[PDB]
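Peer 1: Okay, handing you the structure first.
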Amino acid sequence: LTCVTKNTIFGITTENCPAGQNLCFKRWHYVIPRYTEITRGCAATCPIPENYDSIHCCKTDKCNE
Amino acid sequence: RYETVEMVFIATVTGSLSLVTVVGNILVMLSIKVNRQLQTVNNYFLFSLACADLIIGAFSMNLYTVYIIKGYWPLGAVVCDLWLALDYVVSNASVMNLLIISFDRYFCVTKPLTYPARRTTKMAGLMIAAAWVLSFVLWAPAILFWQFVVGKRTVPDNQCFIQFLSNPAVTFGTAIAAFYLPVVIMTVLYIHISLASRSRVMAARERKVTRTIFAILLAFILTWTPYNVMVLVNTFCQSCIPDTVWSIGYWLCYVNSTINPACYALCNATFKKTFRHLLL
């Protein structure tokens with residue numbers, strides 16, 4: 001399925017990772033009062049206990065805009 | 001030995017830096033208001049910059065330390081938004097203050113009759129207030145209101161980041177403008193001032209003032225360069241830069257505020273001789 005792999009000043013980049021890592025985890029990790037590093041990727045585990053890094057699951061065609 | 005000693009080290013050094021910044025700013029401005037032998041607009045600009053410097057130093061470093069001591073915002077939010085807006089607005093206000101100091105110096109040097117007697121003291125205070133209110137109305141209401149514009153405080157009750165910095169485009173634009181536009185303006189104005197002064201050439205005091213302005217500009221650019229360099233690097237790839245290096249970079253982003261009160265006495269001879277008297 002399709003998920004936005006990342007965000008950039010130019011625009012979004014939707015991707016379709018194969019049947020491996022069939023899950024879209026989206027993470028926010030807050031490093032500075034003025035910097036929050038962001039990931040949106042494919043993985044194979046939904047629960048994902050967090051080390052203060054807010055994460056959520058997605059398995060749709062547009063979920064991490 | 002493993003982590004507690006490092007935490008004590010960091011907390012103590014940050015507290016010492018905050019205290020030395022506070023005492024330096026208060027002593028230099030008390031000297032300004034007590035000596036009363038100086039009534040130039042540049043000294044009023046220096047006073048305003050020192051006030052902004054103490055605010056930045058004390059409040060920003062204290063709250064950034066209590067944020068970095070654990071990894072979240074221990075306070076029950078609310079104070080987070082106010083402190084964040086205050087820090088960002090006073091940083092921008094200091095940038096605009098240095099901008100208008102550069103404008104004033106370029107105007108004075110480039111024209112011997114650029115209404116030099118029009119300044120007096122009211123114009124300096126008017127310019128300082130104008131820069132402060134401009135920075136305020138430009139940044140603070142946006143900080144307080146765009147979160148509600150989105151609809152709700154998406155920032156959790158334990159985190160203390162900025163809403164629009166989630167968008168990389170906003171980060172890139174604000175960084176490039178609010179750093180390099182003042183930086184390039186300083187560069188071109190410094191070149192113009194140098195050439196005008198060379199063509200034109202009391203001289204000792206004028207050179208002292210020029211060296212003081214140059215030292216302030218150099219300290220500001222040297223301290224704030226790494227932050228913007230890494231911000232640009234984050235526009236090259238995704239997660240090009242680690243996290244602890246980001247922490248240290250934004251930490252020495254306040255080394256400008258640390259340096260300025262000391263550099264005042266380091267470069268200005270009258271400040272140097274007043275420093276010894278006012279330490280006692």
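Each chain in the structure tokens gets a letter, A, B and so on, in the order shown; residues start at 1 in every chain, and ligands are counted from 1 in the order they appear.
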Tell me, as a list in words, which residues lie within 6 Å of residue B:132, counting only C-alpha atoms; anything in the same chain fewer than 3 positions away does not count.
Peer 2: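 Result of the neighbour search: residues 93, 129 and 135 of chain B.
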Peer 1: Can you tell me, as a ChimeraX atom specification, what residues are no more than 12 Å from residue A:48 when counting only C-alpha atoms, ignoring any on the same chain fewer than 2 positions away?
Peer 2: /A:23-27,43-46,50-57
Peer 1: Emit the selected residues as a short mmCIF file (atom, residue, chain, number, x, y, z; two decimals), in the first residue's frame, including N, CA, C and O atoms.
Peer 2:
```cif
data_model
loop_
_atom_site.label_atom_id
_atom_site.label_comp_id
_atom_site.auth_asym_id
_atom_site.auth_seq_id
_atom_site.Cartn_x
_atom_site.Cartn_y
_atom_site.Cartn_z
N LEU A 23 3.25 -2.26 7.21
CA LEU A 23 2.72 -1.38 8.24
C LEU A 23 3.34 -0.01 8.05
O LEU A 23 4.50 0.09 7.65
N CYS A 24 2.58 1.05 8.34
CA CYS A 24 3.06 2.42 8.22
C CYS A 24 3.11 3.02 9.62
O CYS A 24 2.08 3.38 10.19
N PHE A 25 4.31 3.11 10.18
CA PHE A 25 4.51 3.76 11.46
C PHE A 25 4.92 5.20 11.22
O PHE A 25 5.82 5.48 10.43
N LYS A 26 4.23 6.12 11.88
CA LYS A 26 4.57 7.54 11.84
C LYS A 26 4.99 8.02 13.22
O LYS A 26 4.25 7.84 14.20
N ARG A 27 6.18 8.62 13.29
CA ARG A 27 6.85 8.99 14.53
C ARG A 27 7.16 10.48 14.57
O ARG A 27 7.63 11.05 13.58
N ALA A 43 7.03 -0.91 8.50
CA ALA A 43 7.48 -1.80 9.55
C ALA A 43 6.47 -2.93 9.70
O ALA A 43 5.43 -2.95 9.04
N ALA A 44 6.77 -3.88 10.59
CA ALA A 44 5.95 -5.07 10.79
C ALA A 44 5.63 -5.28 12.26
O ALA A 44 5.73 -6.39 12.79
N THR A 45 5.23 -4.21 12.95
CA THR A 45 4.77 -4.29 14.34
C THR A 45 4.00 -3.02 14.64
O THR A 45 4.52 -1.92 14.46
N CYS A 46 2.73 -3.16 15.05
CA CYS A 46 1.89 -2.01 15.36
C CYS A 46 2.07 -1.44 16.77
O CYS A 46 2.15 -0.21 16.90
N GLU A 50 6.72 3.39 23.22
CA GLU A 50 7.41 4.60 22.81
C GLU A 50 8.35 5.10 23.90
O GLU A 50 8.01 5.10 25.08
N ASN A 51 9.52 5.56 23.47
CA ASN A 51 10.45 6.27 24.34
C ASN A 51 10.24 7.77 24.15
O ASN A 51 11.09 8.50 23.64
N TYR A 52 9.06 8.22 24.58
CA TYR A 52 8.62 9.61 24.47
C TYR A 52 8.56 10.08 23.03
O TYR A 52 8.72 11.28 22.76
N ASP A 53 8.34 9.17 22.09
CA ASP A 53 8.33 9.47 20.66
C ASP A 53 6.97 9.04 20.12
O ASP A 53 6.73 7.85 19.92
N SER A 54 6.09 10.01 19.89
CA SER A 54 4.70 9.68 19.58
C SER A 54 4.60 8.98 18.23
O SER A 54 5.08 9.50 17.22
N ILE A 55 3.97 7.82 18.21
CA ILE A 55 3.90 7.00 17.01
C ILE A 55 2.47 6.53 16.79
O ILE A 55 1.69 6.39 17.74
N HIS A 56 2.12 6.32 15.53
CA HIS A 56 0.80 5.78 15.20
C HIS A 56 0.90 4.87 13.99
O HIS A 56 1.84 4.95 13.19
N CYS A 57 -0.10 3.99 13.86
CA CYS A 57 -0.17 2.95 12.84
C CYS A 57 -1.07 3.37 11.68
O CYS A 57 -2.04 4.11 11.86
#
```
Peer 1: Could you list, as a list in words, every residue of chain A that has an atom within 10 Å of an atom of chain B, counting only C-alpha atoms?
Peer 2: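 That gives residues 6, 7, 8, 9, 10, 11, 28, 29, 30, 31, 32, 33, 34, 35, 36, 37, 38, 39, 52 and 54 of chain A for chain A.
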Peer 1: Write out as a PDB file with N, CA, C and O atoms, in the first residue's frame the residues lying within 10 Å of stretch 58-62 of chain B, counting only C-alpha atoms and excluding same-chain residues fewer than 5 positions away.
Peer 2:
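Now in selection08.pdb:
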```pdb
ATOM      1  N   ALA B  11      23.986  21.033  34.763  1.00  0.00           N
ATOM      2  CA  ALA B  11      23.109  21.959  35.471  1.00  0.00           C
ATOM      3  C   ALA B  11      23.904  23.096  36.097  1.00  0.00           C
ATOM      4  O   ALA B  11      23.511  24.265  35.997  1.00  0.00           O
ATOM      5  N   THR B  14      25.289  25.511  33.306  1.00  0.00           N
ATOM      6  CA  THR B  14      24.222  26.338  32.750  1.00  0.00           C
ATOM      7  C   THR B  14      23.751  27.387  33.750  1.00  0.00           C
ATOM      8  O   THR B  14      23.497  28.539  33.375  1.00  0.00           O
ATOM      9  N   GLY B  15      23.626  27.013  35.026  1.00  0.00           N
ATOM     10  CA  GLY B  15      23.260  27.992  36.035  1.00  0.00           C
ATOM     11  C   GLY B  15      24.300  29.084  36.188  1.00  0.00           C
ATOM     12  O   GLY B  15      23.963  30.260  36.345  1.00  0.00           O
ATOM     13  N   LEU B  17      26.358  30.111  33.826  1.00  0.00           N
ATOM     14  CA  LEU B  17      26.241  30.965  32.649  1.00  0.00           C
ATOM     15  C   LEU B  17      25.059  31.918  32.775  1.00  0.00           C
ATOM     16  O   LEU B  17      25.174  33.107  32.456  1.00  0.00           O
ATOM     17  N   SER B  18      23.917  31.418  33.252  1.00  0.00           N
ATOM     18  CA  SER B  18      22.757  32.283  33.438  1.00  0.00           C
ATOM     19  C   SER B  18      23.059  33.394  34.435  1.00  0.00           C
ATOM     20  O   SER B  18      22.744  34.568  34.195  1.00  0.00           O
ATOM     21  N   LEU B  19      23.692  33.042  35.557  1.00  0.00           N
ATOM     22  CA  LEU B  19      24.001  34.036  36.579  1.00  0.00           C
ATOM     23  C   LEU B  19      24.984  35.078  36.064  1.00  0.00           C
ATOM     24  O   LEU B  19      24.818  36.277  36.325  1.00  0.00           O
ATOM     25  N   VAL B  20      26.017  34.648  35.334  1.00  0.00           N
ATOM     26  CA  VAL B  20      27.008  35.606  34.858  1.00  0.00           C
ATOM     27  C   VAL B  20      26.401  36.517  33.797  1.00  0.00           C
ATOM     28  O   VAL B  20      26.687  37.719  33.762  1.00  0.00           O
ATOM     29  N   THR B  21      25.528  35.979  32.940  1.00  0.00           N
ATOM     30  CA  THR B  21      24.841  36.827  31.971  1.00  0.00           C
ATOM     31  C   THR B  21      23.979  37.865  32.675  1.00  0.00           C
ATOM     32  O   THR B  21      24.004  39.054  32.329  1.00  0.00           O
ATOM     33  N   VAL B  22      23.215  37.429  33.681  1.00  0.00           N
ATOM     34  CA  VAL B  22      22.331  38.347  34.392  1.00  0.00           C
ATOM     35  C   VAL B  22      23.139  39.453  35.056  1.00  0.00           C
ATOM     36  O   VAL B  22      22.825  40.644  34.922  1.00  0.00           O
ATOM     37  N   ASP B  53      19.126  40.934  26.340  1.00  0.00           N
ATOM     38  CA  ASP B  53      20.122  39.911  26.615  1.00  0.00           C
ATOM     39  C   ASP B  53      19.866  39.239  27.955  1.00  0.00           C
ATOM     40  O   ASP B  53      19.936  38.011  28.065  1.00  0.00           O
ATOM     41  N   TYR B  67      13.730  21.945  30.699  1.00  0.00           N
ATOM     42  CA  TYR B  67      13.230  21.090  29.629  1.00  0.00           C
ATOM     43  C   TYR B  67      14.203  19.983  29.249  1.00  0.00           C
ATOM     44  O   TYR B  67      13.770  18.864  28.948  1.00  0.00           O
ATOM     45  N   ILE B  68      15.504  20.269  29.249  1.00  0.00           N
ATOM     46  CA  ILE B  68      16.493  19.291  28.812  1.00  0.00           C
ATOM     47  C   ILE B  68      16.997  18.413  29.951  1.00  0.00           C
ATOM     48  O   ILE B  68      17.666  17.401  29.692  1.00  0.00           O
ATOM     49  N   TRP B  83       6.478  30.981  27.414  1.00  0.00           N
ATOM     50  CA  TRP B  83       7.935  31.047  27.397  1.00  0.00           C
ATOM     51  C   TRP B  83       8.481  30.903  25.985  1.00  0.00           C
ATOM     52  O   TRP B  83       9.435  31.590  25.610  1.00  0.00           O
ATOM     53  N   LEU B  84       7.903  29.998  25.195  1.00  0.00           N
ATOM     54  CA  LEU B  84       8.370  29.805  23.828  1.00  0.00           C
ATOM     55  C   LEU B  84       8.184  31.073  23.008  1.00  0.00           C
ATOM     56  O   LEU B  84       9.107  31.525  22.312  1.00  0.00           O
ATOM     57  N   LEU B  86       7.856  34.143  24.144  1.00  0.00           N
ATOM     58  CA  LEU B  86       8.732  35.184  24.668  1.00  0.00           C
ATOM     59  C   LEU B  86      10.156  35.008  24.166  1.00  0.00           C
ATOM     60  O   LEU B  86      10.785  35.968  23.712  1.00  0.00           O
ATOM     61  N   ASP B  87      10.682  33.784  24.238  1.00  0.00           N
ATOM     62  CA  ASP B  87      12.049  33.533  23.797  1.00  0.00           C
ATOM     63  C   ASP B  87      12.214  33.871  22.324  1.00  0.00           C
ATOM     64  O   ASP B  87      13.151  34.581  21.934  1.00  0.00           O
ATOM     65  N   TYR B  88      11.305  33.371  21.484  1.00  0.00           N
ATOM     66  CA  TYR B  88      11.460  33.592  20.052  1.00  0.00           C
ATOM     67  C   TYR B  88      11.323  35.073  19.714  1.00  0.00           C
ATOM     68  O   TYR B  88      12.094  35.609  18.905  1.00  0.00           O
ATOM     69  N   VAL B  90      11.912  37.700  21.687  1.00  0.00           N
ATOM     70  CA  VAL B  90      13.033  38.512  22.152  1.00  0.00           C
ATOM     71  C   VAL B  90      14.283  38.235  21.325  1.00  0.00           C
ATOM     72  O   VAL B  90      15.095  39.140  21.102  1.00  0.00           O
ATOM     73  N   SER B  91      14.466  37.000  20.845  1.00  0.00           N
ATOM     74  CA  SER B  91      15.573  36.740  19.931  1.00  0.00           C
ATOM     75  C   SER B  91      15.419  37.551  18.650  1.00  0.00           C
ATOM     76  O   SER B  91      16.368  38.202  18.187  1.00  0.00           O
ATOM     77  N   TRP B 251      22.067  25.126  22.339  1.00  0.00           N
ATOM     78  CA  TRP B 251      22.591  25.622  23.604  1.00  0.00           C
ATOM     79  C   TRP B 251      23.564  26.772  23.384  1.00  0.00           C
ATOM     80  O   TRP B 251      23.447  27.824  24.023  1.00  0.00           O
ATOM     81  N   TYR B 254      22.809  30.600  22.591  1.00  0.00           N
ATOM     82  CA  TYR B 254      22.772  31.645  23.610  1.00  0.00           C
ATOM     83  C   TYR B 254      24.154  32.178  23.970  1.00  0.00           C
ATOM     84  O   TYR B 254      24.262  33.068  24.825  1.00  0.00           O
ATOM     85  N   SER B 257      24.266  35.857  23.822  1.00  0.00           N
ATOM     86  CA  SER B 257      23.831  36.531  25.035  1.00  0.00           C
ATOM     87  C   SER B 257      24.886  36.443  26.126  1.00  0.00           C
ATOM     88  O   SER B 257      25.028  37.369  26.930  1.00  0.00           O
TER      89      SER B 257
END
```
Peer 1: Which residues are near stretch 36-49 of chain B? Cut-off 10 Å, only C-alpha atoms, ignore same chain within fewer than 4 positions. Put them as JSON, numbers by chain.
Peer 2: {"B": [25, 26, 28, 29, 30, 31, 32, 53, 54, 55, 90, 93, 94, 95, 96, 97, 98, 100, 101, 104, 105, 119, 120, 121, 122, 123, 124, 125, 127, 128, 129, 132, 209, 213, 216, 257, 260, 261, 264]}
Peer 1: Atom CA of residue A:1 and atom CA of residue A:60, how far apart in Å?
Peer 2: 6.5 Å
Peer 1: Excluding stretch 61-64 of chain A and any residue of its chain fewer than 4 positions from it, enumerate the residues within 6 Å of it, using only C-alpha atoms, and give them as number ranges by chain.
Peer 2: A: 1-4
